């Protein structure tokens, strides 16, 4: 029997913001690591494990939006980063691209985790257009460096947050919507590992769908009542925040969780929604979990790769 160790690593300001908000939300059976140049921010981190990088470089300040400083800071702290990761079977690295620390250090952190054998997933943001072309260009170079260093990468363009707010939505509420991509992905994988399914998926199946793949989609949908399976499957694959949509996916891990009423017909319906949306012949790794506590609720978890 195998119990996978999952860790979430925030790198730089935005990544450490995400870690703090996820801890506040509550996230058990997952270990958090906070990595930053900025000692003032790191002192406010809620993470159990904190690594200040580049103190000789920046004297405790941030990188001042220069990615070369973040890269050097991370490389010089490799051993400390390895020690915090040790034991991990899966590592999520989260960072905002475009600044100095995340852009430069997050790809180093990802490569360290990958060369320790952890399944390594990046979830990163691109800057708002109003932040200017230079920052977009720097972020683009960071995204490409992340893709070369992870097993799978999820990119959230911050511009998509402007598609989901009204004129009054607090910025922090919008940021929590972006956080949900990583948080619900981690939770869905943590639930998959913890529960034996009736059609069982385990961590080896997560590795099949995510190892050495590139772009990825991770989504969850919950629905009740009539047409719940179709509606949950549509919710799982249809986030407006994602650079990589479901279209073009050639591998999908899909788990359906329901009560004792979970029907074979509705499982096929949900699988068909995902196949049709990908517009490809999808290699599906299909799982089912009967949770008797659930009455009329159905949960559909999707991880899509192979773009």
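Numbering follows the first chain given and starts at 1.
For the pair 180-188 and 220-228, the mean Cα B-factor is higher in 220-228. Mean CA temperature factor is higher for 61-69 when stretches 251-259 and 61-69 are set side by side in the entry. Taking the deposited Cα B-factors for 159, 131, 151, 76, the highest one is held by 76. As recorded in the PDB entry, 28 shows the highest C-alpha B-factor of the residues 244, 36, 28, 268.
Residue 196: CA B factor in the highest third of modelled residues in this chain (values from the PDB entry). Among all modelled residues in this chain, the alpha-carbon of residue 116 has a temperature factor (C-alpha) in the highest third.
Sort the modelled residues of the chain by CA B factor and residue 125 lands in the lowest third. Annotation for residue 202: CA B-factor lies in the middle third of the chain's modelled residues. When the CA B factors of the chain's modelled residues are split into thirds, the value for residue 304 lands in the lowest one.
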